[PDB]
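Undergrad:
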Amino acid sequence: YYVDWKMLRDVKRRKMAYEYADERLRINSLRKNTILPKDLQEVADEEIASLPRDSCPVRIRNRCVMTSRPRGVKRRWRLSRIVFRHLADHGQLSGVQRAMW
Amino acid sequence: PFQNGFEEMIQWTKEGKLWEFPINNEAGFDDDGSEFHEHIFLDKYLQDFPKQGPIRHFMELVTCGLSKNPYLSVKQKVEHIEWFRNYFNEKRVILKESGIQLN
Amino acid sequence: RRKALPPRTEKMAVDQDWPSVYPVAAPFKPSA
Amino acid sequence: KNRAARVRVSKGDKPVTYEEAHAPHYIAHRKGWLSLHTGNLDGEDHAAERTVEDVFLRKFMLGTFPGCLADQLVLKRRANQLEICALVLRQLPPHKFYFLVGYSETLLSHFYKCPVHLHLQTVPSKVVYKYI
Amino acid sequence: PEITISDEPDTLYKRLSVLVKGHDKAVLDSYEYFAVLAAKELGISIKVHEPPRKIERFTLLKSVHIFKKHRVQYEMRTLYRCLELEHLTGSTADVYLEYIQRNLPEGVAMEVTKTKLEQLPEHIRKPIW
Amino acid sequence: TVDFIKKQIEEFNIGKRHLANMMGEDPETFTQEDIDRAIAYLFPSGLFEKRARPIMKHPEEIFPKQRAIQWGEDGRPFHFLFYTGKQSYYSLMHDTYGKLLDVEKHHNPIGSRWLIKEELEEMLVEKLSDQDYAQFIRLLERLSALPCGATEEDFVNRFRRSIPXXXXXXXXXXXXXXXXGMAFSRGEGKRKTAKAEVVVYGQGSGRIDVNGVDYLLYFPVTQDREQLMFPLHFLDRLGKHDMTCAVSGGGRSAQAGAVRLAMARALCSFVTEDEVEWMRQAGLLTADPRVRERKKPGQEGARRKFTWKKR
RNA sequence: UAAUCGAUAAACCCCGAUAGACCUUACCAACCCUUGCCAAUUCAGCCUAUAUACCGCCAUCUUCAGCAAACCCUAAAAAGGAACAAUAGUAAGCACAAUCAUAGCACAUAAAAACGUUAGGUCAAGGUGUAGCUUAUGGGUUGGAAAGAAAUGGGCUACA
Ligand SMILES: [Mg+2]
Ligand SMILES: [Mg+2]
Ligand SMILES: [Mg+2]
Ligand SMILES: [Mg+2]
Ligand SMILES: [Mg+2]
Ligand SMILES: [Mg+2]
Ligand SMILES: [Mg+2]
Ligand SMILES: [Mg+2]
Ligand SMILES: [Mg+2]
Ligand SMILES: [Mg+2]
Ligand SMILES: [Mg+2]
Ligand SMILES: [Mg+2]
Ligand SMILES: [Mg+2]
Ligand SMILES: [Mg+2]
Ligand SMILES: [Mg+2]
Ligand SMILES: [Mg+2]
Ligand SMILES: [Mg+2]
Ligand SMILES: [Mg+2]
Ligand SMILES: [Mg+2]
Ligand SMILES: [Mg+2]
Ligand SMILES: [Mg+2]
Ligand SMILES: [Mg+2]
Ligand SMILES: [Mg+2]
Ligand SMILES: [Mg+2]
Ligand SMILES: [Mg+2]
Ligand SMILES: [Mg+2]
């Protein structure tokens, strides 16, 4: 079990987004070009609009991997602030010390 | 049985479980036995295409893109190009209709 | 049935060469 | 009042491990780090993986070795191999201890796809740093 | 132990630059000692220095719910030692570095740069097209 | 607890040998100095608190002193003051007072201080009270107050300590350059993100060069040039000396001040030993401890706070 | 408005968010699916009701000096227990202090700051006791929200 249903949803959006990556890339290339004819670009427009939009990149949300919390995650540890702190304060996180200066 | 720790590590490494030393981070990845001119120089795959058209503009761009791309094998770079051949060749109609004659 | 065996430090020869004892990367056993 | 990873003052009779008696602000001053790996240094990658990994090995060792675990479990990562040190209390008859040694090493090695090394240091009773 | 000798003219290194990143300054001190003592025995002619320490700090909230007046801050320090070796052979480097890396402690990382000596490529020597 | 001290000192020596033989030194001339280096290299703990770093030491420095057995196996106590609960203190007191009495029948600023309270507490292996300490020291003043015999002086010497005091601005010997055969002095000031180095040549045209350009051009702010003028106008040397300068970090005033410090430092080779104490009391050679204060989180300016609301 | 929740004297009000176009999302509107993530389970799954059942993390008095076992005394003890030319107090522990960090001093700042107090904050970080939901308070797809008569908190930019 992933910890939440929200997680299942986003796991799947990751798998989707890896699936169609190159269709996206390829099609969008024409679409982003000023050298090509506009005519090509309209059809291609309809084409990326075609492919399932649960497979689009921006629809992805980094979460805390243990705790699932949608905000507060620190990119490097893929952890929520609460969980991160929790670990770092038993000393279980290497090289992280409470900062004084 | 293991007579010593050195013995241990030794058997691990012959086995492939330990790493080789000193480390080269490319160990275990041969990249198909390809060489630099099979990445950088993409003339091979542009042979079928209109040579004076904006199609050349575009595909010279894609060329430059895939020439600079470390994260892909030769087989994938190829696949991109062939996908563009297939794509442009699939729409002859739109090529003709935009004010340029395209092959 | 409870087992207490004295540490290797008890049988240790005062001049015994060290790298014999600790050849490679080790956890630091307090016993040995 | 900071409640973080702290152990409250009792009527004064409560036994305390050296680690659990030294509060979060003390890390790197008196207390050390429970884990070691490259991942948090300036130029380094995959810190997250070693964190998930670490967490799972905490839970795993707590569950494979019931009631016999002494103090929090000390992980080291060296050149792709894990060195897992444990302070373990003496409860089990030694056969069972070696059963679980082999069991753990094998199982983990095949899970994390890297060679694991296990070390048990056995202790008569939980070390008491304070009170008691 | 098995040694072989192949006819081919082994690689020269002008300068072998070895950086060790770490957390604890102690570990990097003792490791310097070890590296210098290994190098002194292998006739390697080395120097060592201490590059400026990096300290990366960042900030989290101090509570679960809401007091944003209240934060905690955390640090990671990254300390450096660099062993700069001069005039090494190919094999010399391979062995010395093998001995170094094998004994690398768990808290530290190592970043190697070799500067290799090659005379001139073949098509450039003195042909002109 | 004494059995522990016997055992521990034995094992300490056995482990001492064991240390020398692995570390590969002669077990004879092995010192604590060597012990430290040894462990420090074997168990390298980066840790800030230095007591929590690994130690192998003679148990006497490790363990606290103990109060010895205070009574025979009959129950009967050795010292007659035992029932005072502080014998250690009141023995010193009885003796001190006795010394005094004998002195009265007989009689018909070196940097020396009395012990701290902690040092008398160490000397008697006894917890003390402030009042008690004070009482005693008071008594030692009474002792010093009279004619001082030989054993009298020894007695008070037990409770004597001596302290160092050192004040001089450290004087660099000059340096005569080989090229012109001329003497120079090279100073380094540091102020507030800005370090400067100033080489001062003893025979000048008045020339002052900064980072390869002239000082007027590098300090268009008049104030700065005044700051620069300070040491030289102080020592009346204004035209006499020729300075080369390299400064980096921070903004203009910080720079001018760094040059102030560096210069005033490089100017004490060419000055008299007396003018030095003047430059100190002018405050020229003392660094500026003043620096930016870190913002604090949940605040504004390290001091400035977010506007506070009563309602 | 068909259309979230939580905070809301000092100790809310650029607050959970170091962050909502879809997503996030918990909301409303329609449609749909019923061992419906997992190795097995008359079992799953629930941002549903309890923060006045809680653990976690914190706020607050607070840069406040006290808290507390083990004892000892008081022509009785609810409780109290010091005077230093000392009159019944001794006591390890936790606080403060001390040391650490801000790369040498020093000061400064940072940190720390017990016991309790406010049934202070949070069952929407996560986890749980008690209760409820189970062809639905569960799970999905598609759209839709976040309009200003004002009233006010904090900011930014000005008035030269
Ligand atoms: Mg997003
Ligand atoms: Mg606070
Ligand atoms: Mg300001
Ligand atoms: Mg409310
Ligand atoms: Mg409420
Ligand atoms: Mg409130
Ligand atoms: Mg605010
Ligand atoms: Mg939405
Ligand atoms: Mg719901
Ligand atoms: Mg209610
Ligand atoms: Mg409450
Ligand atoms: Mg609570
Ligand atoms: Mg007090
Ligand atoms: Mg009382
Ligand atoms: Mg210091
Ligand atoms: Mg201070
Ligand atoms: Mg504070
Ligand atoms: Mg303090
Ligand atoms: Mg309430
Ligand atoms: Mg309230
Ligand atoms: Mg819940
Ligand atoms: Mg429950
Ligand atoms: Mg629904
Ligand atoms: Mg929606
Ligand atoms: Mg108004
Ligand atoms: Mg303003």
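Residue numbers (the entry's author numbering), protein chains in the order written: chain N, 28 to 128; chain h, 285 to 387; chain k, 51 to 82; chain C, 36 to 167; chain J, 61 to 189; chain I, 70 to 177, 195 to 397.
Positions of the beta carbon are idealized from the N, C-alpha and C atoms, including for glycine.
Nearest by alpha-carbon distance to residue 207 (chain I): which of I:163, I:157 and I:169 is it?
TA: The shortest Cα separation from residue 207 (chain I) among I:163, I:157 and I:169 belongs to I:157.
Undergrad: What three-state label does DSSP hand residue 146 (chain I) in the structure shown?
TA: In this structure, residue 146 (chain I) counts as strand in the three-state DSSP scheme.
Undergrad: Note down, in chain order, all residues in the stretch 325-350 of chain h with a beta-carbon under 8 angstroms from any beta-carbon belonging to chain N.
TA: Answer set for the stretch 325-350 of chain h: 338, 341, 342, 345 and 346.
Undergrad: Can at least three beta-carbon pairs, one atom from the stretch 72-92 of chain J and one from the stretch 171-186 of chain J, be found at a separation below 8 angstroms?
TA: The stretch 72-92 of chain J is in contact with the stretch 171-186 of chain J.
Undergrad: So what's residue 311 (chain I) in DSSP terms, helix, strand or just coil?
TA: Of the three classes helix, strand and coil, the one that applies to residue 311 (chain I) here is helix, per DSSP.
Undergrad: Nearer than 7 angstroms: is that true of the beta carbon of residue 273 (chain I) relative to any heavy atom of ligand 3?
TA: Checking the Cβ of residue 273 (chain I) against ligand 3 gives no.
Undergrad: Do residue 326 (chain h) and residue 351 (chain h) count as a contact pair if the criterion is CB distance below 8 angstroms?
TA: A contact, by the Cβ cut-off of 8 angstroms.
Undergrad: Cα separation between residue 271 (chain I) and residue 332 (chain I)?
TA: The alpha-carbon atoms of residue 271 (chain I) and residue 332 (chain I) are separated by roughly 14 angstroms.
Undergrad: Can you list the alpha helix (DSSP H) stretches of 4 or more residues lying completely in the stretch 300-369 of chain I, in chain order?
TA: Entirely contained in the stretch 300-369 of chain I, the alpha helix (DSSP H) runs reaching 4 residues are, in chain order, 301-304, 308-321, 338-352 and 359-368.
Undergrad: Along the chain, where does the alpha helix (DSSP H) that runs through residue 74 (chain I) open and close?
TA: Where residue 74 (chain I) is concerned, the enclosing alpha helix (DSSP H) stretches over 71-92.
Undergrad: Across which residues does DSSP place residue 171 (chain J) in a beta bridge pair?
TA: Its beta-bridge partners are J:79.
Undergrad: Am I right that residue 176 (chain I) and residue 123 (chain I) are in contact with their C-beta atoms under 8 angstroms? What's the rounded C-beta distance?
TA: With 8 angstroms as the limit, residue 176 (chain I) and residue 123 (chain I) do not qualify as a contact, their Cβ atoms being about 57 angstroms apart.
Undergrad: Kindly say whether residue 73 (chain k), judged by its beta-carbon, lies nearer than 8 angstroms to any beta-carbon of chain h.
TA: Yes - at least one Cβ of chain h is within 8 angstroms of the one on residue 73 (chain k).
Undergrad: Alpha carbon to alpha carbon, how far is residue 394 (chain I) from residue 127 (chain J)?
TA: Answer to the nearest angstrom: the Cα atoms are 14 angstroms apart.
Undergrad: CB residue 274 (chain I) to CB residue 351 (chain I), shorter than 8 angstroms?
TA: Yes, the Cβ-Cβ distance between residue 274 (chain I) and residue 351 (chain I) is below 8 angstroms.
Undergrad: Since I believe residue 119 (chain J) is in contact with residue 131 (chain J) (beta carbons under 8 angstroms), could you give me their beta-carbon distance rounded to a whole number of angstroms?
TA: Yes, they are in contact, since the Cβ atoms of residue 131 (chain J) and residue 119 (chain J) sit about 5 angstroms apart, within 8 angstroms.
Undergrad: Put residue 137 (chain I) into one of helix, strand or coil per three-state DSSP.
TA: Three-state result, residue 137 (chain I): coil.
Undergrad: DSSP on residue 105 (chain I), reduced to helix/strand/coil?
TA: DSSP places residue 105 (chain I) in helix when its eight states are reduced to three.
Undergrad: Exposed or buried, what is residue 88 (chain C) when buried is set at 16 or more other beta-carbons lying within 10 Å of its beta-carbon?
TA: Residue 88 (chain C) comes out buried.
Undergrad: Looking only at C-alpha atoms, which of C:104, C:64 and C:68 sits nearest to residue 161 (chain C)?
TA: Comparing Cα positions, the closest option is C:104.
Undergrad: By how many angstroms is the C-alpha of residue 161 (chain I) removed from the C-alpha of residue 202 (chain I)?
TA: Computed Cα separation, rounded: 16 angstroms.
Undergrad: Which runs of the beta strand (DSSP E) spanning at least 3 residues fall entirely within the stretch 204-283 of chain I, listed in chain order?
TA: If we require 3 residues or more, the beta strand (DSSP E) runs fully inside the stretch 204-283 of chain I come out as 246-248 and 269-277.
Undergrad: For chain k, find out if any of its Cβ atoms is closer than 8 angstroms to the Cβ of residue 90 (chain I); answer yes or no.
TA: Yes, because at least one Cβ of chain k sits closer than 8 angstroms to the Cβ of residue 90 (chain I).
Undergrad: Tell me which residues share the same chain as residue 173 (chain I) and place their Cβ nearer than 8 angstroms to its Cβ, disregarding the 5 neighbours each side in the sequence.
TA: So the qualifying residues of the chain are 232.
Undergrad: Can you pull out the residues from the stretch 109-142 of chain C whose beta carbon lies closer than 8 angstroms to at least one beta carbon of chain J?
TA: The residues in question are 111, 112, 113, 114 and 118.
Undergrad: Would a check of beta-carbon distances place residue 186 (chain I) closer than 8 angstroms to chain J?
TA: No coordinates are present for residue 186 (chain I), because the numbering of chain I runs from 177 directly to 195.
Undergrad: If we define contact as Cβ-Cβ less than 8 angstroms, is residue 67 (chain C) a contact residue for chain I?
TA: With 8 angstroms as the cut-off, residue 67 (chain C) counts as an interface residue toward chain I.
Undergrad: Using a C-beta to C-beta distance shorter than 9 angstroms, which residues of chain C count as neighbours of residue 302 (chain h)?
TA: Near residue 302 (chain h) (Cβ distances below 9 angstroms), the residues of chain C are 114, 115, 116 and 150.
Undergrad: Would you mind listing the beta strand (DSSP E) stretches within the stretch 85-158 of chain C that are 3+ residues and don't spill past its ends, in chain order?
TA: Counting only runs of 3 or more, we get 109-113, 116-124 and 151-158.
Undergrad: So what does DSSP say about residue 127 (chain N), is it helix, strand or coil?
TA: Reduced to three states, the DSSP call for residue 127 (chain N) is coil.
Undergrad: Can you tell me whether DSSP reads residue 382 (chain h) as helix, strand or coil?
TA: If DSSP states are grouped into helix, strand and coil, residue 382 (chain h) belongs with coil.
Undergrad: Are the C-beta atoms of residue 87 (chain I) and some chain k residue less than 8 angstroms apart?
TA: Closer than 8 angstroms to some Cβ of chain k, the Cβ of residue 87 (chain I) qualifies, so yes.
Undergrad: Nearest to residue 323 (chain h) by alpha carbon, out of h:338, h:307, h:361 and h:334?
TA: Selected option, being the one with the closest Cα: h:361.
Undergrad: Looking only at its own chain, which residues have a Cβ that is under 6 angstroms from the Cβ of residue 81 (chain N), when we skip the five neighbours before and after it?
TA: Closer than 6 angstroms at the Cβ level, and outside the excluded window around residue 81 (chain N), lie 40 and 43.
Undergrad: Within 10 Å of its beta-carbon, does residue 365 (chain h) have 16 or more other beta-carbons around it, so buried, or fewer, so exposed?
TA: It is buried - the Cβ of residue 365 (chain h) has at least 16 other Cβ atoms within 10 Å.
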